[PDB]
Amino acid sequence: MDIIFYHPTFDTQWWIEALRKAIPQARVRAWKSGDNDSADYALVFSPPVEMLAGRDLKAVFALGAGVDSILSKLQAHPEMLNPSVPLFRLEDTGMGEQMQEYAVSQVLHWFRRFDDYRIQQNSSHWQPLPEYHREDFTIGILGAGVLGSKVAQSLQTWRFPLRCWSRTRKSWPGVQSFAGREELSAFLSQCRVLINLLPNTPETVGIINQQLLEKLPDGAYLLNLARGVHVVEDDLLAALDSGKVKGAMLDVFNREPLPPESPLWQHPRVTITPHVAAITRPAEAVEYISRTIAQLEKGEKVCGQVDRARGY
């Protein structure tokens, strides 16, 4: 088999050698413009149209969890990916654990009021604060997917009440499952902490807006780990200023790098990380890709597959 690889910023030489070692029967090469030699599999991130267009590939692997950019690209250039080509994405490959690290750290951070103590430390002010209680600290997770379930599981360890929201019902014992736009209000009403792990689709763009934020309990916390387009930044700023939202930690934004004029940077109740919540671990991705190719060759079921009509 022949594998073509393309990523704009990763260590291409490392990946290619690791793929050769993991799939010894594969000829693995870096794709450059002009290469129209055959390929059975394409491993891509932000690929050019010319790399995929008119290729009857056996599969394409998107080297990330989110596929919103490939899809919108294929939207603008429908000839980029023939409809017979299955599209795969990275399911977990270390991003589950990284999302758990981020979510558990910050949730405990808010629950133990380290944000308040930091404000007080700024004034050299010593004052113990009343403790919060698990019953008042229900955590709602917006997507209930590969990453959503991982986060939920890690938070169950800490005995927080848990609820998730998705398109289809989930069966997680101890997590109250909400499904559909019609149940979104009920879900929101108890979320002391709202964690966003939705994919970017037309049905979810802008979903965290004034209408959503007003359904939250007062003094809620927003942890946006998914895509910046999910949040209407002005509505968030208004909810922060009214006390509706006590605090927000944001890893993604409508424009990235977040422009320095944005009020989010210097807002006392906002924490910013430069889109680093979860990046794939190359050794785990190489294991996942070679295992998936192997299952494809054996006729076994794989499932980590992107539904291009559904949008994720």
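From 1 onward, residues are counted along the sequence shown.
- Looking at 267-275 and 27-35 together, the entry lists the larger mean B-factor for 27-35, computed on C-alpha atoms.
- Mean CA temperature factor is higher for 233-241 when stretches 153-161 and 233-241 are set side by side in the entry.
- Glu135: CA B factor in the highest third of modelled residues in this chain (values from the PDB entry).
- Placement of the Cα temperature factor of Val205 within the chain: highest third of the modelled residues, per the deposited record.
- Residue-level temperature factors show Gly247 in the lowest third of its chain, judged at the C-alpha atom.
- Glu214: CA B factor lies in the highest third for its chain, per the PDB record.
- Annotation for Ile141: CA B-factor lies in the middle third of the chain's modelled residues.
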